[PDB]
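Peer 1: Let me give you the structure first, and then I'll get to my questions.
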Amino acid sequence: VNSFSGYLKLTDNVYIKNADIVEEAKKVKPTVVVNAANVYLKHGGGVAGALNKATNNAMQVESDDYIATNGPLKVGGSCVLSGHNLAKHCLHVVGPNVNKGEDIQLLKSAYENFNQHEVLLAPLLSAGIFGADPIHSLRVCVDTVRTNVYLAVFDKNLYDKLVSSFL
Ligand SMILES: O=C(Nc1ccc(C(=O)NCc2c(C(=O)O)sc3ccccc23)cc1)NC1CC1
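In my numbering, the protein residues as written are -1 to 165.
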């Protein structure tokens, strides 16, 4: 038993809710919140910009130190940093950005990072400003993640479309 509430169960291990991931993280304080990161951990907009703003820019300060030490992530890769006031940990995962021409097959590799964590709060990777089809992103998530994932979808219209079209 865990503290996530109001989710629709899609599969044995995947759950989904129309929710603002920032507000969900603050309420649940999950062990892991997933950030829709870029390779530079520049959290300017989308989910990343919102998460970082909620931490009063502490996420960005920590991230800049990480990059200065380690260099950029790979597309499809991840790193674990602090969750600040939102979670124990933040798993920063880089899905391919279609608006940069990155290979959509890297989406599966991105979701594989979720399997290193028993339970996660996450957005749909490569959705929103990353330019991928969220329905496809949900399918890859369901077909790749084996651990327990609670998906927060900000847009109500999109959430209803994801549920109604789910096979
Ligand atoms: O900006 C904020 N949040 C916020 C911003 C952006 C996103 C986001 O990229 N989602 C991904 C997404 C969907 C959705 O979630 O709609 S459908 C879909 C389909 C394919 C791929 C992805 C995808 C998520 C959350 N919050 C600040 C105002 C307080």
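No residue lacks a Cβ here, since even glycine has one placed at the ideal position from N, Cα and C.
Hey, which unbroken runs of the alpha helix (DSSP H) at 4 residues or more fall wholly within the region 0 to 71?
Peer 2: If we require 4 residues or more, the alpha helix (DSSP H) runs fully inside the region 0 to 71 come out as 19 to 26, 44 to 52, 56 to 68.
Peer 1: Note down the Cα distance separating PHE112 from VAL143, rounded to an integer number of angstroms.
Peer 2: Straight-line Cα distance between these residues: approximately 6 Å.
Peer 1: Between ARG137 and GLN58, what straight-line distance do the alpha-carbon atoms span, to the nearest angstrom?
Peer 2: Near 31 Å, if we compare the C-alpha coordinates of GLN58 and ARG137.
Peer 1: Quick check on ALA125: does DSSP put it in helix, strand or coil?
Peer 2: Three-state result, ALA125: coil.
Peer 1: Hey, is the region 101 to 110 in contact with the region 12 to 28, meaning 3+ C-beta pairs nearer than 8 Å?
Peer 2: Because the criterion of three Cβ pairs below 8 Å is not met, the region 101 to 110 and the region 12 to 28 do not touch.
Peer 1: Can we count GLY126 as close to ligand 3, meaning its CB is less than 7 Å from some heavy atom?
Peer 2: Questions concerning ligand 3 fall outside what the structure shown contains, since the ligands it does hold are ligand 1.
Peer 1: On a CA-only basis, which of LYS27, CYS77, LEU156 is nearest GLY93? Give me that one, please.
Peer 2: Of the candidates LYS27, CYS77, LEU156, the one whose C-alpha sits nearest the C-alpha of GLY93 is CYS77.
Peer 1: Taking 7 Å as the cut-off, does the CB of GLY44 come closer than this to any heavy atom belonging to ligand 1?
Peer 2: Answer for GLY44: yes, Cβ within range of ligand 1.
Peer 1: What does the alpha-carbon distance come out to for the pair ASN50 and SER162?
Peer 2: Roughly 31 Å separates the two Cα atoms.
Peer 1: Please list the segments of the alpha helix (DSSP H) lying wholly inside the region 89 to 126, counting only runs of 4 or more residues, in order along the chain.
Peer 2: If we require 4 residues or more, the alpha helix (DSSP H) runs fully inside the region 89 to 126 come out as 104 to 110.
Peer 1: Please determine, among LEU8, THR9, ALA17, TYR5, the residue with the shortest C-alpha to C-alpha distance to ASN155.
Peer 2: Considering only alpha carbons, the answer is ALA17.
Peer 1: What is the rounded straight-line gap between the Cα of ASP62 and the Cα of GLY75?
Peer 2: Roughly 17 Å between the two C-alpha positions.
Peer 1: Is the CB-CB distance between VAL30 and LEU119 below 8 Å?
Peer 2: In contact: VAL30 and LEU119 (Cβ atoms closer than 8 Å).
Peer 1: Counting along the chain, where does the alpha helix (DSSP H) carrying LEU156 start and finish?
Peer 2: Element bounds for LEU156: 154 to 162.
Peer 1: Please indicate yes or no: does the CB of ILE65 lie closer than 7 Å to some heavy atom of ligand 1?
Peer 2: Checking the Cβ of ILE65 against ligand 1 gives no.
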